[PDB]
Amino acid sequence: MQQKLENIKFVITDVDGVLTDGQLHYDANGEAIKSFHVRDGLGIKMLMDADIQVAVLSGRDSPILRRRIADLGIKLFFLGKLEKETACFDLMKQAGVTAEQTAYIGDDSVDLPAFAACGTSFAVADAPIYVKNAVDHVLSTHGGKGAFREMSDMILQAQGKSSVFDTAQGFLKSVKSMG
């Protein structure tokens, strides 16, 4: 993984079952709550601060997700988008990066075309076998439990930028970019 992890400048993430644990919390009007993970959020800020852009690609759209996106300072994203191959290529163009500079993390069949578009692919731990087979690296953490952060930790460390998370002094240098 080292040689691909080293050249990542852009990360695209699916939401449901990656940034969340797959649960859709309905009320009478549809999605009412989305549950994201706090250590994921910090990982997102760490990547951005380390000159790695972050994008969101989801087959669902909601004002809730759009709010979490704003909270995190995420700029590039396509929502309600079920055909994800063309979506990935469009996001890379906006990011000013190539496919081999791009990493994608997913959990289900809808992500299979995204895995094909991006140079590096990750699956969350609770992903089905046919998804795990299609990615470069299967993560040890379940979706919505820090799976993104585990990935972001890997990418940063590969590029020698682990101080932001493994030392008090490293964190307290990018602290203005953390929230």
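Numbering starts at 1 and runs along the sequence shown.
task = Taking the mean of the C-alpha B-factors per stretch from the entry, tell me the winner out of 153-161 and 166-174.
result = Averaging CA B-factors over each stretch, the winner is 166-174.
key: Stretch exceeding the other in mean C-alpha B-factor - 55-63, 123-131   = Taking the mean B-factor of the alpha carbons in each, 55-63 is higher.
Where the record places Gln94 (Cα B-factor, split into thirds across the chain) = Tercile = highest for this residue's CA B-factor.
request  = Classify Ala28 as lowest, middle or highest third according to the C-alpha B-factor given in the PDB entry, relative to its own chain.
outcome  = Middle third.
task = Going by the recorded CA B-factors, say which third of the chain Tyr104 sits in, lowest, middle or highest.
result = Lowest third.
key: CA B-factor ranking of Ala117, expressed as a third of its chain   = For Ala117, whose C-alpha B-factor we compare with every modelled residue in the chain, the answer is the highest third.
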